[PDB]
Each structure stands twice: as C-alpha cells, then as structure tokens.
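Commentary on secondary and tertiary structure
For reference, the chains in residue letters:
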Amino acid sequence: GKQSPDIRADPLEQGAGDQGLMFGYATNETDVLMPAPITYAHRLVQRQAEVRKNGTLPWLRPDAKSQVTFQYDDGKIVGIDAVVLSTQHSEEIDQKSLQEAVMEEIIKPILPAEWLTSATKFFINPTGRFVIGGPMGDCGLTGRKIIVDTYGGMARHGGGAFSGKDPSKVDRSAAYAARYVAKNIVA
Amino acid sequence: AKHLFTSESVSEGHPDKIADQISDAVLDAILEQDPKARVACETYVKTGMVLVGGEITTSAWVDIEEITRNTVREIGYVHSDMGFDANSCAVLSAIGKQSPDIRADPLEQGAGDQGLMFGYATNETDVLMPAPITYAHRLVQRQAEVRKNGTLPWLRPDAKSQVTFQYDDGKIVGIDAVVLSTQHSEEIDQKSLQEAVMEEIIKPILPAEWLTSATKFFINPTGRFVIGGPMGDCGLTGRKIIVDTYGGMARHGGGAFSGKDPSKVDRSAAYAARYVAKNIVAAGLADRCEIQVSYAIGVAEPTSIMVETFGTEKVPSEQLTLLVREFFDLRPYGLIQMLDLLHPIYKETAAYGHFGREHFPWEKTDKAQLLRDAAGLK
Amino acid sequence: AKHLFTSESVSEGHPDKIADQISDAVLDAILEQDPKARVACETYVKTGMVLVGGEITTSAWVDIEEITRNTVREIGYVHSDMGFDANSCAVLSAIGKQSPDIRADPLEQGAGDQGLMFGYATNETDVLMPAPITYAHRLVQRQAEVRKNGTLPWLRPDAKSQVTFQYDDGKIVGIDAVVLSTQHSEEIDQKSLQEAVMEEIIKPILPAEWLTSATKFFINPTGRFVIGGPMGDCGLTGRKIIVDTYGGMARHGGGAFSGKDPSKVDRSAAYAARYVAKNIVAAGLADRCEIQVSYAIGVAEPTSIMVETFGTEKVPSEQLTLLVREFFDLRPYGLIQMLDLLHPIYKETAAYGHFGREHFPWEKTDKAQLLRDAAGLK
C-alpha cells in the first residue's frame, strides 16, 4: 500500500514512530567483538554458498543450515563438541560421497583444526537425501530468523525484526545504534 | 546499582497476535480429531485478507475459513469501522494436507528439525517468572477484560503496553514509566480517554506503592487511535516471540511457538526447558536458572544441554547438569510423554504469554521435591 | 408469428461488472501516459479481496491499489454493511510489467492473437441496436441514477434487470415480463420497496403503452436483498460479455473486451465489426446486418470476412462483401487508425454496454453516405 509523502520544527526532536525494545551486545571474545559461536555458524553456511557458486561443488543447492556446539571452560573456548551441516543437493550425488566432500571442502577449511578432536561429532545430513528444499520444504516469513541474525543465543533480543524496515523505524536503527554504543564501550 | 529495565506486551487485537491465535486455533481444531497430527501453520494478516498456509500431515478435516472467522470475531472485529471485519474478510488457504503413514521404540524418534531452545525461571515472582513481563501482560489483559465486559464500551481490540521498572541491587523499587497505547472509537475525546484508562486499567493493576510522582505515564502519546488492527500494520505468525516468553529478561532460541504441533521440538522443547528450569528454581537449587537444549535433525538425544545459574546455585554447577540428565527425559518424544502435550489446549496459550500461567502442563512443579532430595539439600 | 424474446442486464454494482470496471480503470490510467501500451488485465473479485492480474508492456507507472479503491468507492461500496468496503479490502496485484522495445509498415502488423469477432446492427431502434438489450440497460442505469442522486437513498449498488418483449411479425407489441432485482438496506420494508421501485424506476423508463395488465412484474421475487455485491457471488473479468454487446439478439465471438488495449483484435475488431455493421444499416443497404471478422495470429489480413443480411439486403450479398473490403481497412492496425482508439475512453464503456451510446468512436455513421453512393442507391 503506497502513499504520498507530506511536507518545520527541529528534525532531531521527532518522536519514535513506534515503541519497542532494542538490545545491543559486544564482547572482547572475538576480534570483531562478537560472540564466537554465532560467527563460526555463519562461516559454515557462507562457505557453503561460496563453494556452490564458484563451481567447486556444482551439485550443491541453495538451502543449507548449520549448527555448531562449542565447549567452553572457565569462559574460554577449548574445542568444538558437535558440528551439524544440513545442505540441499541434487539427486546426482550419492549420500556417502556428499559427506566426504562436505567435510573436506566446507568444515575443514573453516573451523580451526585444533578444536576438531576425535570427540567432536559430525552430523552431515543426518536424515538422508536433501534434494527438494527451499520454499517447497517449508514456509518462509520475514523476521522469523531474528536470533540467528543478531547474536544467536548469546545475547538477549528485543523481538523486533530488521529486514524490510527503513532506518526511520527505531525497531531497526536503534538496534544498530545499541550495537554501536556496545561495541565502542568494549573497544 | 540502580538500573531501569523495560518490558512490553501487546493485546490480542494486535495484528501479530491475531496471526498467532488464528494459527493455534487451526492447531487446536486438528488436535481434537487427530492428536498425533503434524501441523506447521503460518498465518499472514493484511488490511482485508487473512492468508493461512503451512503443511499438515493428518487424517482430520477442518474448515479453515470457519475457524479463522470465528477466531477474529471472538477478538472483537465485527465491522469495517474498526479497520477489519471478521464477516467480510478474505480468508485464503494455502494449507498443503498429506496422509499419515504407518515399529521401533517410539521414544527413540529423532528430532524433526534442529534448533535452539531456552528455558528461564527466577524466584523474583510467585509464578517463577520475570516481574516486568508479568505486569506488561496484566495491562493488556486488563484492557481486553474491561473492553469485553462492558466497563469501557468505547475500547477496541488493538492495544500495546510497555512498563519500565527501576531495579536497585536486583530488587524492584518502583516503576519509572508506563506506556499504554489503546485503540478506541471516534466517540470518545482524547482527554477523557486518558482519565478513564489511567483510573480503570493502570490503577487496578500496578501496585500503588510503585507508582510515585516520578512515574511518567504515556497514554496514547500520539493522539487518536481509531483505525488499527490489521489495517494499521501487517501481521505474521511468530513475530512476537519475545513478548510471548519472557520479554527481554531471558535469551531466546528464535523458534516461534504458534501454529506448531507438539511433535516439533521448536515448541515442545521450549516448554520442556521452561519445565526443568522452573523445577530447579522451585526446588531451591538456584535463584535463577537458564536451560539451553539443542537438537540435531534426525538425532534423538540433544546435542548439548547447558544449565546456567548466574552464580546463584546452592550446588556445584556440574552436579546440576547430571541431575537434569538423570531426571528429565529430553528426547523429542520424551518431552511429550512427560508433559502430556497431545491435547487441544494451545488456543489459550497464544494470547498473553505461554509461561507464567499455572493451568498449563509445563507450569507444574511436581519434580521439585524429587530434585531437592537427589541434590541432598534435605 | 408472435414470440417472446428476453434480454437482461446488470448494474455497475454487480460483481462481474466491478471486475470489468476495475480492469478498464487500470487500462485508462495506462493509456493516459503511454497510449501505445499493451495491456491485458484480468480482475478477480471475492468477498473481501480484489485480485488484479495480467501482463503489461509499457513504460508507464500506475498505482493499482489506488485505482482499484477509487473505482470501487465511486460505485458506492463504502462500508462492510453493504457486503464490501472499498477502504478496507485487500487489493492484490499480480501484474507482470515488461519494457517496450524499439521499422516496417505499421499497417502491416499481424494480429497479436487469433479470434472471432461479430458485429451487429438493426434498424429496429434509433441507435441501430436490438430493442430488448437497450431497455434492459435503461432499467439498471436508471437504478444507479436514482440511487446516486438521492431520490431513493436506501438503494444499494447491486442490481439486475430482465425484460421479456413480445414480438409479433418482427415488431414489438408489448412487454410480457419485467424483472428488477435490486440490493437495498435493511431499513426499507419489502412492500414499500416494490411500490417505490415500480413507480420510480420501471414507470419512467418503459413506455406506458407496452405495460398492459398482462405484463408480469417480478421485483425482488425472493425477498430481502441487503448483503450483495462481491460477498454474494464471485466476480471475474469478461463473464458478462453477452449483456455488454447485444444480449441474445446477436451471435458473439467469445472474446472479452474489458482490460484489453486497442492493439488486441479481441476488442478493436469487435468495435470495428460493429462500425461497419452500423454503417451498412445506416446507409440503407440492409435492415439487419451481421459481420464476422476472423484473424490468425501473426497475419495482417483477416482470414475471413462474412456479411449476413438475413435476406433484407437491397443489393446482392456478394456485392456487399466487396464494399466492405473496399471501404474499411480491416487490418489490425487499420482498425485503430480508422477509429482513433488510442485514448483513455474505456472506463465509461465497461458499465452499461459498449454499443448503442453515440459518444463512442465506433458509433459514428460517417461512411454511410459513401457506402450508399458506391452501391449506386442514390
């Protein structure tokens, strides 16, 4: 539903267009001042898209999910306890060869080798074949993945979705601003 | 160590809560006929249409349009002057129904999908919930109660609340700001609305000792609120997850609840995590407890279980994790068995929070005594 | 040789006519900016939603939702009590817009699609149209006129009419049955509605000498008609083609008009066929004339031209077919050039028939004198 913009007070005195809660988080755990588990979770799926697009593994398909379980000890990471990488592929590739390729080409280049011990458990497509996915597999709505966007489970969240909102709405800009002040305080 | 904490809640007339109630109304209708059904319902609510979609694996027959119109009609949208009419709105169904199939151990079923679930419980309140979210729910719940019983006939379903509590050394000492945006009819003037809302909603709910002269009240700060509901803003299922569980007081896994059958760990495990978190606090093991359970799709046992007591535990932390694994069966089917979730009781849980109301299966503290004896606290 | 003939018409509030007006309102908006655009708009109207779809090849920017709401609002659907609200209805757009491309003879362009087009004209009426369809349109048009100007404020947009004429040796001698179903408000009682409709609609329109005692009037035969319009029944573009052109008096090719730009022969050739049929009758060549033009997609010249005079021709039939080819350029672009169809004038043509109203380019009898001289009838 498109409308028409209208047409003298102080611009900085504009009130918030809607109420809400915004949370910003920052920790010196990582270089980019972010929780470690969420960063490496993003690396795996980002690596999957990178490998699929450049042609290293042509049989990959866009849909993919990752899940990394980190083992802390006195507040410091000492290893990785479980890695889950569910990816959509084509019917051409067999299941056994998919696990070998995904492990060697996605998990190995990303995660540090010292964390992956023999006690680490890998779950690469635990169910089986994953050929038809994407929108057909499940419905998709805007703002249903807010936690994986911001920090994962490491930090509290206000509950306001980001995507599809212009900066004038505090549900998005204030969350960016809260992260901005949180990062500067830690930095 | 004074610090202000804020939590908010929305009424059942909010567009994001209409979708949640419609999704769970469909779920409850299916569970009445086929308790073992698989339901994943997503609802999109626009200015004049309701789009109900998802994938259903059941042998039950339900009339989506009849359920949707009845749900909206019960909320109180009866004519277009309110901005949405239940009797004259488009109800499109995109539901894809399938047929259930037909010997191993039922408790060994793997999780249908991966995800993170967080459970939280604190001895701050009687119901073992964060205080700010409970009173935020009270205001919007009081608004619906007053509107329906006829005390204030000029109220309309859509309403939002936001309460800012002033902590001091971890204890609440007052309320710093109260915001109550409500939808009304054009009959009532703005000045009389603020007097009535303050006297009839805020006063009966919030304790009088917290409301001092320094408390700031924002009752419809913008102005008139006549046309609201779906016309004012779009509504989607699962956009209000934080106001459902705990507000901002606790971390959240990111999985929506409404429209999902108990067989999906995105909902049952969150209830189960709250169940074990409430029992640990109720047993006196910790003042605050936070539980994280993680599942991998196709795997029965959780990939990780984390208990956090924020340094308020009466027993060593590594002992608590053993107790959680010993007593509570956290396998995906074990959650259903230990909570009896296969009943049509999810219509009521999609209105003013899934937690804190004692008439729910996951809000029972029955294993609290067993845990206390196991920990040897006498 | 007495025989009863019946024709019917529907008001602009009918669901099948709302879709036609919405489709042509979109067409007129596009033609104002890009006259050479290609528009094929299909509209589906349901209880609370309007779905506008089609393929557009233009460089123009239009707001479909604003156009649709304004069109429905002008009809008179303003609140949900009528069964449909223009301000609170879902307007979904499925329009697929493309970009126009950028040297042969323009008149040699082939037809964009194949089809059959029929044109008809008879000297029975002044406007050279069948009598039953003209008076059927008068009743519904009078109903809208009375409702809007405030003579009968309790009327509502939806209305249908049906008049049964009694012929005798090819001449009308009376009216045997009049049916006028109209939508009203719950305020008016049924008995008073029939007296008002009969006195204020049927009496001023139909000639008094035709309405004898044997004439049967059916004014809302069922009963109350309060909720109608889109809620009562679905509406689609092109479902009322017969009531648009001639009723049952003439054959029809089956191509819908509303929502199609003039470049498509499914609309322009039907206008052109009526144009040549009206001129032949206006020239005195025949009392009744029927023209069929058939195009093959990708071919300029029509595959077949048929003239039928029903044995009422003043010149040999094979001579008429030569005259039609000589004077009228029936190539797909020749129709536009000889009728000046590239103007936003199609909003008015989608309400009470595309034919019989003299303010239309295809209703002009300018080549009648030329045809009469060519046939050598002095």
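Helix and strand content of chain B: nine helices and 11 strands. Taken against the 2.2 N^0.38 rule, which gives 21 Å for 378 residues, the C-alpha radius of gyration of chain B at 22 Å falls within 12% of a compact globule.

Across all of its chains, the model carries 29 aromatic pairs over all chains by this definition. Relative to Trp210 of chain B, the ring of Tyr135 of chain B has its centre 5.5 Å away and its plane inclined at 75 degrees; by these criteria the two rings are edge-to-face. One end of the pair, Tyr135 of chain B, is in helix α3 (residues 131-149); the other, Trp210 of chain B, is in the loop between α4 (190-205) and β8 (216-219), with 75 residues separating them in the sequence. Note on accessibility: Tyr135 of chain B and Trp210 of chain B belong to one class, buried. With a centroid separation of 6.0 Å and 90 degrees between ring planes, the pair formed by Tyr271 of chain C and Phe355 of chain C is classed as edge-to-face.

Residue and element names in this part refer to chain A. Ordered by their spatial adjacency, three strands build an open sheet running β1-β2-β3, and the pairing between neighbours is mixed. Looking at the sheet topology across the chains shown, the edges are occupied by β1 (60-73) and β3 (121-124). For this sheet the average axis-to-axis angle between neighbouring strands, irrespective of direction, equals 15 degrees. Relative to strand β2 (residues 76-89), β1 runs antiparallel, the two sharing 12 bridges. Looking at the pairing, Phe70 lines up with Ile80 of β2. Across the sheet, helix α1 (residues 36-54) is in contact with β1 and β2; its angle to β1 comes to roughly 155 degrees. On top of the sheet, helix α2 (residues 95-110) reaches β2 and β3; it is set at about 120 degrees to β3, its chief contact.

A few words now on the interface of chain B and chain A. In many reports, interface size means the accessible area that the parts give up when they come together. Contact residues are listed per partner, giving 42 residues for chain B and 34 residues for chain A. Interface area, chain B with chain A, both sides summed: about 2900 Å², of which 51% is carbon and sulfur. For the pair chain B and chain A, the number of links is three salt bridges. With its nearest N and O atoms 2.4 Å apart, the salt bridge here joins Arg144 of chain A to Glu42 of chain B. Sorting the residues of the side of chain B that touches chain A by element identifies β1 (3-10), β2 (38-45), β3 (49-57), β5 (115-122), β6 (155-168), β7 (171-184), α5 (241-245) and β10 (288-295) of chain B as the ones contributing at least two each. Looking at the side of chain B that touches chain A, the element that brings in the most residues is β1 of chain B, giving four residues. Its residues placed into classes, the side of chain B that touches chain A shows 14 nonpolar, 20 polar and eight charged.

Before going further, it helps to examine the pattern of salt bridges. In total, this model carries 54 salt bridges over all chains according to the counting rule given. For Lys165 of chain A, the salt bridge identified is with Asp171 of chain A, shortest N-O distance 3.2 Å. Both residues of the pair, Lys165 of chain A and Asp171 of chain A, count as buried. Close ionic contact of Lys260 of chain C with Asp266 of chain C constitutes a salt bridge, the shortest N to O distance being 3.2 Å. Accessibility expressed as a relative area gives 16% for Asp266 of chain C, which makes it buried. Residues joined by salt bridges that share partners form a network here, namely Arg274, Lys278, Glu358 and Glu363 of chain B.

Residues and elements named next belong to chain A. In the contact formed by α1 and α2, the axes pass within 9 Å of each other and the chain directions differ by 140 degrees. Put simply, α1 runs oblique to α2. In this structure, α1 crosses over α2, and the sense of that crossing is right-handed. Seen from α1, the contacting residues are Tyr40, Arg43, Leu44, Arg47, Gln48 and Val51; seen from α2, they are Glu105, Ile106, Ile107, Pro109 and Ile110. Looking at the contact of α1 with α2 residue by residue, the class counts come to seven nonpolar, one polar and three charged.

With that settled, the discussion passes to α1 of chain A. Residues and elements named next belong to chain A. Taking 1.5 Å per residue, 19 residues should reach 27 Å; α1 reaches 27 Å between its end C-alpha atoms and fits that length. Within α1, the full set of buried residues consists of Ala36, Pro37, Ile38, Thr39, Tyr40, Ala41, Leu44, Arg47, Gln48 and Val51. On its buried face, α1 sits against β1, β2, α2 and α3 (146-150). Of the residues flanking the end of α1, it is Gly55, one or two places downstream, whose phi is positive at about 95 degrees.

Residues and elements named next belong to chain B. The sites that carry the UniProt feature "binding site: L-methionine" are, in the present numbering, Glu55, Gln98, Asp233 and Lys264. The topology assignment puts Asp233 in the loop between β8 and β9 (235-236). According to the relative accessible area criterion, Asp233 is partly exposed, its value standing at 47%. Relative to the helices and strands, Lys264 resides in the loop between α5 and α6 (265-282). Look at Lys264 and you get partly exposed, because its relative accessible area is 23%. Those residues in contact with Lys264 that sit more than four places away from it in its chain are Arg38, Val39 and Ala40. Among the polar contacts made by the side chain of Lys264, one reaches the side chain of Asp261 at a distance of 2.8 Å.

What follows covers the UniProt feature "binding site: K(+)" in chain B. Under the UniProt annotation, the feature "binding site: K(+)" is placed at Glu42 of chain B. Position of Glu42 of chain B among the secondary structure elements: in strand β2. By relative accessible area, which is 9% here, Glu42 of chain B ends up buried. In contact with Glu42 of chain B, other than residues within four places in its own chain, are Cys139, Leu141 and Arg144 of chain A together with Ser23, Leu51, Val52, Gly53 and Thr237 of chain B. A distance of 2.4 Å separates a polar atom in the side chain of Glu42 of chain B from a polar atom in the side chain of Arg144 of chain A.

Looking along a regular strand, one sees side chains alternate from face to face of the sheet. Residue and element names in this part refer to chain C. In terms of burial, strand β10 (residues 288-295) is largely enclosed, as seven of its eight residues are buried. The pairing of strand β5 (residues 115-122) with β10 spans eight bridges and is antiparallel. Bridged to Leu116 within β10 is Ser294. Bridging between β10 and strand β11 (residues 304-308) involves five bridges; their strand directions are antiparallel. Along β11, the bridge assignment pairs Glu290 with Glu308.

Parameters and conventions
- Residues numbered from 1 in each chain as written, not as in the entry; some residues may be left out.
- Chains lettered and ligands numbered in written order.
- Part of a larger assembly, values for the part shown.
- Heavy atoms only, no water.
- Residues with missing side-chain atoms left out of burial classes, pairs and counts.
- Helix = DSSP H or I, 4+ residues; strand = E, 2+ residues; numbered from the N terminus.
- Rg over C-alpha atoms; globule rule 2.2 N^0.38 Å.
- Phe/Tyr/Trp six-rings, centres within 6.5 Å; stacked < 30°, edge-to-face > 60°.
- Buried < 20%, exposed > 50% of the residue type's maximum accessible area, 1.4 Å probe, protein only.
- Pairing = 2+ DSSP bridges.
- Axes fitted to C-alpha atoms, helices over the stretch in contact; angles between N-to-C directions.
- Contact = heavy atoms within 4.5 Å.
- Buried area = accessible area lost by both parts, 1.4 Å probe.
- Salt bridge = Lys/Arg side-chain N within 4 Å of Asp/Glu carboxyl O.
- Nonpolar A, V, L, I, M, F, W, Y, C, P; charged D, E, K, R; others polar.
- Parallel < 35°, antiparallel > 145°, perpendicular 65-115°, else oblique.
- Left-handed = near helix turned anticlockwise from the far one by under 90°.
- Expected span 1.5 Å × (residues − 1).
- UniProt positions renumbered as here; feature names shortened; annotations may be inferred.
- Polar contact = N/O pair within 3.5 Å; in protein donor to acceptor, adjacent residues only side chain to side chain.

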